[PDB]
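Just so you know, structure 1 and structure 2 below are the same protein chain in two forms, each on its own as structure tokens.
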Structure 1
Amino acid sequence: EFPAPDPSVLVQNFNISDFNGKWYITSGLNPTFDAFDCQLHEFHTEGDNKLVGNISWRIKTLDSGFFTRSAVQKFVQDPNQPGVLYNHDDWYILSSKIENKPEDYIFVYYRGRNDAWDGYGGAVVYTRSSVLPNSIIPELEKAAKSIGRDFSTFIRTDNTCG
């Protein structure tokens, strides 16, 4: 499966400060990148256009154990397209609802390159909750359709963080 992006399918306003704090990923498209257990991501903002994420996840061994991994990802917001954050791997915000309620979510499509002639990409749903809320599924279906995908094809992830 390949990418591209597309301007009219992005959120048209987005405040990077709405990423502040903790989010889980509760659903992902690419099983290589997007479907790990216990993906907890914590975000702050530096200046008015940089988003810094402290990213964690588990890798599941065949032993049925796991190791936790951590990383730092940093993005700068496009001054003209608020739904585009370039890595400073690019993120395109397809849909979001932030009302400071437990069902808040941000739906992120990403692409990257592994060299000049090959790219990869994926999508994840960030939510305040550890569980994928049923309340946001028509929005997610609609957003996944806007990038040519069927939301039923996404993998729901496991945030039992025990």
Structure 2
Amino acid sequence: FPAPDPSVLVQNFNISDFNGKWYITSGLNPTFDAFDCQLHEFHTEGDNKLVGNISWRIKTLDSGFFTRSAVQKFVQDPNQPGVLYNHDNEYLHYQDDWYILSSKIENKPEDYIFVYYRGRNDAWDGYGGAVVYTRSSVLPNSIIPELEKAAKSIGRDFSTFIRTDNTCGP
């Protein structure tokens, strides 16, 4: 997961377009929760920040667990609108960086944002992947050509991505 060339990122991006409900309907590097509900609702904070809810779990010596909600907040790069940083993490001690490869926002059913992500913490510096957020719970057929072009721009191939439609859903 090397950082992308700045030239392959969207050159303009308004973090306000991340507001509200988005489904993750495709991903490069899924986990075993790939088919659980993939709805995320985000909120903008001010000018340059995006906020959403995350969850924290510890597994203890009795086979029990403790869990908590937390926030994850991203700040946009002031020179590269397609780069967002979440370093931000206090007790949690990790960094997650987002790179917007491709996006179409027409306030239409087919709107999407394609994010490549990379991360690190004390245990490992290898974290990363790529996900497609769509307004629709079903990835729209019409956006696949642009997704294929975006994936190819970072040396990937979109046909390798897992497809996860209607994950909450009807």
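Here, rigid core means the biggest group of C-alpha atoms that superpose within 1.5 Å across both forms. Along the sequence of structure 1, residues get numbers from 1 upward.
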Indicate whether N100 shows a C-alpha shift of 2 Å or more between structures 1 and 2, with the rigid core used for the fit. no
For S130, is the C-alpha shift between structures 1 and 2 2 Å or more after core superposition?
-> no
So that I can tell if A35 moves, could you say whether its C-alpha shifts by at least 2 Å between structures 1 and 2 after the core superposition?
yes
Shift in angstrom of the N114 C-alpha between structures 1 and 2, rigid core held fixed, comes out at 4.1
Superposed on the core, the Cα displacement of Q73 between structures 1 and 2 in Å comes to 2.0
Between-form comparison on the rigid core puts the Cα shift of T157 between structures 1 and 2, in Å, at 1.1
